[PDB]
Amino acid sequence: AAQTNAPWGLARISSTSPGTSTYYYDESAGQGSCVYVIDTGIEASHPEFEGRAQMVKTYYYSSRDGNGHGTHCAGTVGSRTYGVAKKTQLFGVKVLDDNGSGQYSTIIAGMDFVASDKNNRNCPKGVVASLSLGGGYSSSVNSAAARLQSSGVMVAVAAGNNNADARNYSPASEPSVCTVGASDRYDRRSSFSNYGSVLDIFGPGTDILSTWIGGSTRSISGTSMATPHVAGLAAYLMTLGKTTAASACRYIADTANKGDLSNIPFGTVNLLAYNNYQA
Numbered sequence: 001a002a003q004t005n006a007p008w009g010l011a012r013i014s015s016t017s018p019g020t021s022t023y024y025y026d027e028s029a030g031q032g033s034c035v036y037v038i039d040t041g042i043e044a045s046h047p048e049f050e051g052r053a054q055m056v057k058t059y060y061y062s063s064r065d066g067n068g069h070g071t072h073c074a075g076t077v078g079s080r081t082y083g084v085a086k087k088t089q090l091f092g093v094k095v096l097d098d099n100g101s102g103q104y105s106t107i108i109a110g111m112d113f114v115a116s117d118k119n120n121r122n123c124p125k126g127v128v129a130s131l132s133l134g135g136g137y138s139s140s141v142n143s144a145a146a147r148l149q150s151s152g153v154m155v156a157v158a159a160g161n162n163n164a165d166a167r168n169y170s171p172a173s174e175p176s177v178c179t180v181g182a183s184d185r186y187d188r189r190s191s192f193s194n195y196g197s198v199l200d201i202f203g204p205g206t207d208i209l210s211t212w213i214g215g216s217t218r219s220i221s222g223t224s225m226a227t228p229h230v231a232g233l234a235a236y237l238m239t240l241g242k243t244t245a246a247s248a249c250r251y252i253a254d255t256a257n258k259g260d261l262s263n264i265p266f267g268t269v270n271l272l273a274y275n276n277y278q279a
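Counting from 1, one number per residue, gives the positions in the sequence shown under the entry's author numbering.
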């Protein structure tokens, strides 16, 4: 399938070169997979989600996304126009308040929630979790991400936006999950993207158009934006039977566009997420 005039990041994920504007993907489109978006919530009534999004948990007085960040990330995973996996089922877990903040104890609870909750959902092609959040190093936060992964969920986490080594941030520094840095439309490392040996993969992260609250759209930047490209790609590939939740990060690295990015520090992978779809 071909989506013309797609957001650059979607075009980039299905291309061997930057600078194109059509997204090519297998029409199965992540059908039968599930992606949990662990964030500020999802405006599930947005027409871009087509009824495929729903809130399953909140730790606050409301399940509403009063911020936008979680809706934007969910849109990059699975919205009809701005998403990688346009037929996946989206599940919102509101661990972040409407200012974008959350205590690590609530983030941990949310991760353990998903590890159990997937057993309440129909995800025959597999389960992914997207975590566009983080803070300072915490062994407890990393351990929670490791348990979620170990339970059979493909865990993708943002590397962080400190232009520094992700070793000092969590869950970015957890080795067993998929740690995602950000690139721009010219295949440069995004100026804010963390780096380091713990990164597994890069995805499009500078000026990413997606859904927003109020039934709207906007373009923002961050490793938060790169992460849902990778979560959506994992779901898409699991639907296609190419990989599993346990191995999808490594499979994405194995099949990535290699050596295409500039300003990658010595010791950081030069690997850009790629769906290797041949139309």
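Don't be surprised by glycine CBs; every beta carbon is placed ideally from N, CA and C.
Going by alpha carbons, who is nearest to residue i out of the options?
i           : options               : result
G214        : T243, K125, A44       : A44
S219        : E48, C73, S62, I13    : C73
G136        : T88, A158, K242       : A158
residue 280 : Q89, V141, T206       : Because the chain is modelled from 1 through 279, residue 280 falls outside the range shown and cannot be assessed.
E174        : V153, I208, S138      : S138
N99         : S15, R250, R52, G70   : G70
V56         : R121, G19, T206, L272 : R121
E27         : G102, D254, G68, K86  : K86
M111        : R147, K125, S101      : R147
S221        : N162, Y274, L233      : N162
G9          : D187, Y104, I108      : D187
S143        : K125, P124, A109      : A109
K242        : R80, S132, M225, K125 : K125
Residue i and residue j: beta carbons closer than 8 Å?
i    : j    : result
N194 : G181 : yes
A256 : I201 : yes
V93  : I38  : yes
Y277 : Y25  : yes
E48  : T239 : no
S191 : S183 : no
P7   : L209 : yes
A145 : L90  : no
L233 : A273 : yes
In this structure, how does DSSP classify residue i when only helix, strand and coil are distinguished?
i    : result
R250 : helix
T16  : coil
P204 : strand
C73  : helix
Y23  : strand
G110 : helix
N120 : helix
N257 : strand
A279 : coil
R167 : helix
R185 : coil
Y60  : coil
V141 : helix
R52  : coil
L233 : helix
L133 : coil
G9   : helix
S262 : strand
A115 : helix
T223 : helix
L96  : coil
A146 : helix
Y82  : coil
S28  : coil
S105 : helix
Who are the Cβ neighbours of residue i in its own chain at under 6 Å, not counting the five residues just before and after it?
i           : result
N270        : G259, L261, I264
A231        : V35, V77, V128, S130, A156
residue 366 : Absent from the structure is residue 366, since the part of the chain shown begins at 1 and ends at 279.
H46         : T211, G215
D65         : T40, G41, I42, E43, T71, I213
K118        : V127
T88         : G30, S33, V35, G78, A235
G102        : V95, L96
Got a sec? Which residues, its chain only, sit under 7 Å from residue i by beta carbon, not counting five neighbours each side?
i           : result
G160        : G134, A166, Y169, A172, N194, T223
residue 284 : With the chain covering only 1 through 279, there is no way to say anything about residue 284.
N5          : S21
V153        : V114, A115, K118, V127, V128, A129, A245
Since I believe residue j is in contact with residue i (beta carbons under 8 Å), could you give me their beta-carbon distance rounded to a whole number of angstroms?
i    : j    : result
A11  : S21  : 5 Å
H229 : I13  : 6 Å
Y59  : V95  : 6 Å
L199 : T179 : 5 Å
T217 : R185 : Not confirmed; about 17 Å, so no contact.
Counting only the same chain and skipping the five closest in sequence on each side, list residues whose C-beta sits under 8 Å from that of residue i.
i  : result
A2 : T22, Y23, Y24, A279
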